[PDB]
Amino acid sequence: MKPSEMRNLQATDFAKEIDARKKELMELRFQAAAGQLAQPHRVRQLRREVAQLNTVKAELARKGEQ
RNA sequence: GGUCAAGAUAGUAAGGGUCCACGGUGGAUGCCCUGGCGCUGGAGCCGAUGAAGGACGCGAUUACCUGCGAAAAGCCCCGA
Ligand SMILES: [Mg+2]
Ligand SMILES: [Mg+2]
Ligand SMILES: [Mg+2]
Ligand SMILES: [Mg+2]
């Protein structure tokens, strides 16, 4: 989830959540390219999550150096 | 009436012409606005914190355009 769930965790946990998300996105690319990709949306959704992650760990890393 | 004779005149149009009817072509005309034009008034700088302008990308499907920039038709908080 966008706000809550992210900030509560460590910047070393972010790297992990990122990585796993990357991997799922690639799985979905293989599937899609082979067909069918029953749930397209998930792709975009995962994308968003990645963004959120990198936003948070950015924000936080600069708020802990405020 | 019939034969002959002398004389005169008609219709048929292969194609054309004038007019009428009915179409085709074509895009004038009328109506319209999603686009412009001028005037007045406002507002007036951007850039090494990387500009103006681009290239290549980002889409479930994406060639063009728009928006964006590997956090890629978008991510965070605030306000409506
Ligand atoms: Mg004829
Ligand atoms: Mg383009
Ligand atoms: Mg990056
Ligand atoms: Mg909001």
# chains A, B, ... in the order shown; residues from 1 in each chain; ligands from 1
>>> interface_residues(of="chain A", to="chain B", cutoff="8 Å", atoms="only C-alpha atoms (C1' of nucleotides)", output="VMD selection string")
chain A and resid 32 37 40 to 41 48 50 to 52 54 to 56 59
>>> residues_near_ligand(ligand="ligand 2", cutoff="12 Å", atoms="only C-alpha atoms (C1' of nucleotides) and all ligand atoms", output="ChimeraX atom specification")
/B:54-58,62-69,73
>>> select_by_dssp(residues="chain A", states="alpha helix (DSSP H)", output="ChimeraX atom specification")
/A:4-7,11-34,41-63
>>> residues_near_ligand(ligand="ligand 1", cutoff="8 Å", atoms="only C-alpha atoms (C1' of nucleotides) and all ligand atoms", output="list in words")
residues 13, 14 and 15 of chain B
